[PDB]
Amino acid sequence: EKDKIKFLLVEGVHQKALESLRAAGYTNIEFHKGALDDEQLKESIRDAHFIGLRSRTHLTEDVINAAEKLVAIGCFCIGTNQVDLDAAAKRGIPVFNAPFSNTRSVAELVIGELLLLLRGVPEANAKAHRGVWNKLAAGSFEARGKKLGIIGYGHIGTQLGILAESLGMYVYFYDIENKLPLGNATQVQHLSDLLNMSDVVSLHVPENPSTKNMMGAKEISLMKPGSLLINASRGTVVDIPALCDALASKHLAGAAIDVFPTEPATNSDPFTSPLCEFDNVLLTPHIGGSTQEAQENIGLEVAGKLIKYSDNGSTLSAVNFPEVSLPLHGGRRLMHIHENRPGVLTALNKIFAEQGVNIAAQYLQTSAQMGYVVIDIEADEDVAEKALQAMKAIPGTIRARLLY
């Protein structure tokens, strides 16, 4: 609602987001197919109420300190570190993102790559292009009947497991946590067991200390001879050098790598990797999530999070903020962001008590140094307007707002 509230979408955000916003009434949108030049980024953001960015723009302290009307930040991507999170929190600005927004894509990528990798297609094709005809049946196999090994049975591991069974494979998995096997997937106790019996292994694990170079010389040496390895999760999980030695020594028949340890910051930067020596290797520029339909639902999701926040104070899934949401029912909803310390809430509640106003529902969640609270009151437009002015005066206040 309100044609007065400005939204600044940047970096070629999907059209579906612009439609969502507009359906909500938010029609003051400033679009930009690319990242803005620092000088105009500030010129655009200062008067902006909401900023929708991707991953190229870096919203740092003095940039955030440049936007005086900023209410919320929407990250149209999973990555969320191109922004001063706590500098935003400190100003009462929640950051939203789209985490599990592109799983079908990553799974479609892996199924496809394993089919052809198992067929020697990347090499035969590399050669065909170079003028050599290399027709061999020698070590080509059908996917049907093979055992897939998933490490990290989360959002993607599941999908891949489902699709794979359609192609006639036997999926097994390994997770640090016990999971509920979908379809006929079979959880394996020790990694070694997995590694020992899997024809093609795929990693769908998160980035953190325990997964750092998870797959190294030892683990790879455990994989049955002639197996394939597909890494489309995080570029820090596989020991590349160790991976080159197995490839070089024919321990592995081939592999697919979509994420590397250090990736070029732009398409204008040169890619470089030992993996370039191998024809039996599919090197991809960190895509897999990069599909038109993914961008499509990423847009819908995060424009949605921004809308809900705008309309009813919901901070669920917020990256740098305490999480609250309240089942809307009844007129008059206000919100308060403040310093987490004694007596703030009491003074907040007093305003209504002393006005004989009834509080219908109230939710308060607190972080380290800040507290957020959504309040519902059985009152009229005027009384609401009143209490608001008062709310703002409570020592500790950072932000207060009347949602409806």
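We number the residues from 1 along the sequence you see.
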property: Given 346-354 and 55-63, the range whose Cα B-factors average higher in the PDB entry; result: 55-63
property: Mean C-alpha temperature factor, higher of 82-90 and 200-208; result: 82-90
property: Candidate set 332, 190, 144, 234 [ranked by C-alpha B-factor, highest]; result: 190
property: Candidate set 179, 119, 308, 251 [ranked by C-alpha B-factor, highest]; result: 179
property: Chain-relative CA temperature factor third for residue 127; result: lowest
property: CA B-factor placement of residue 319, once the chain's modelled residues are sorted into thirds; result: middle
property: Among modelled residues of the same chain, the CA temperature factor third for residue 218; result: highest
property: Ranked C-alpha temperature factor of residue 364 among modelled chain residues, by third; result: lowest
property: Within-chain third of residue 135 by Cα B-factor, per the entry; result: highest
